[PDB]
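Here is the structure we will look at, set down as structure tokens.
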Amino acid sequence: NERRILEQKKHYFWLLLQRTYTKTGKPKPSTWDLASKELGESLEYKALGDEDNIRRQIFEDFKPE
């Protein structure tokens with residue numbers, strides 16, 4: 001069920017990470033360190049506070065466009 005939730009959040013955090021850092025809007029950070037530093041406020045990145053390694057990993061793998 002958390003697997004089902006994780007996938008839901010996967011898309012929504014990409015929706016969040018894209019909403020913030022889109023194609024042309026904001027460049028997708030070179031490192032998740034600066035990403036999360038600026039990101040920390042939008043609660044969808046708090047949706048993976050217990051699934052940290054997942055969130056860092058998807059962020060990098062997201063790829064805009």
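Cβ: placed from backbone, ideal geometry, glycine included. Neighbour counts: every protein chain shown. We did not get these values from a lab; they are worked out from the coordinates using the rules stated.
Determine which member of the set 60, 65, 38 is over 10 Å from the mean Cα position of the chain (by Cα) and on the phi < 0 side of the Ramachandran plot.
So the residue among 60, 65, 38 that is over 10 Å from the mean Cα position of the chain (by Cα) and on the phi < 0 side of the Ramachandran plot is 38.
Given the options 30, 36, 42, name the one that is out of contact with any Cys (no Cβ under 7 Å at 6 or more places or on another chain), among the small types (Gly, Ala, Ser) and exposed (fewer than 11 other Cβ atoms within 10 Å of the Cβ).
Criteria check complete, one pass: 30.
Quick one: would you say residue 51 is on the phi > 0 side of the Ramachandran plot and out of contact with any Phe, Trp or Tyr (no Cβ under 6 Å at 6 or more places or on another chain)?
For residue 51, the condition - on the phi > 0 side of the Ramachandran plot and out of contact with any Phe, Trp or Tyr (no Cβ under 6 Å at 6 or more places or on another chain) - is not met.
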